[PDB]
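In: Build the 3D model from these lines:
(one chain, ligands or ions: 5)
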Amino acid sequence: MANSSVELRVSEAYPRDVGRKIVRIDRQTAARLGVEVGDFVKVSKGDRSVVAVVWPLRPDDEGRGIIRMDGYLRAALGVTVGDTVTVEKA
Ligand SMILES: [Zn+2]
Ligand SMILES: [Zn+2]
Ligand SMILES: [Zn+2]
Ligand SMILES: [Zn+2]
Ligand SMILES: [Zn+2]
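Out: Numbering: from 1, shown residues only. Ligands and ions are numbered 1, 2, ... in the order given. Find the structure here:
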């Protein structure tokens, strides 16, 4: 079977995550992906992808269907805040 994947809305990084090879998603999404917080995920837009470590979203950001990633990772994928990307176990 293929690994599960989820589409998420691109959101700006928390300030302390800028320049770190980190994306933030919520626990429900990590569970659907079959990963735990702290594992590597692949984030893709079309044929472009990056690999980053999953850190957990803050409580009030859970359930929003978002992924927080800094401008370096957004640029790498050619996406902006408000775009959608796909996330999968790396
Ligand atoms: Zn879709
Ligand atoms: Zn769609
Ligand atoms: Zn593993
Ligand atoms: Zn766009
Ligand atoms: Zn767009």
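In: Identify the residue of the chain closest to ligand 4, quick one.
Out: residue 83 (4.4 Å; CB to the ion). Yep, even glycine has a C-beta here, placed from its N, CA and C like the rest.
In: Grab the nearest non-local neighbour of that residue.
Out: Excluding the flanking residues, the one nearest residue 83 by CB to CB, 6 or more residues apart in numbering is residue 10, at 4.7 Å.
In: Can you tell me the SS state at that neighbour?
Out: strand (DSSP: H, G, I helix; E, B strand; the rest coil).
In: ok, what's across the strand from it?
Out: Counting by DSSP bridges, residue 10 is bridged to residue 67.
In: State the distance from it to residue 87.
Out: Using CB to CB, to the nearest Å, residue 10 is found at 11 Å from residue 87.
In: Now for these two: what residues contact both?
Out: Listed as contacting both residue 10 and residue 87 by CB atoms under 8 Å, 6 or more residues apart in numbering are residue 67.
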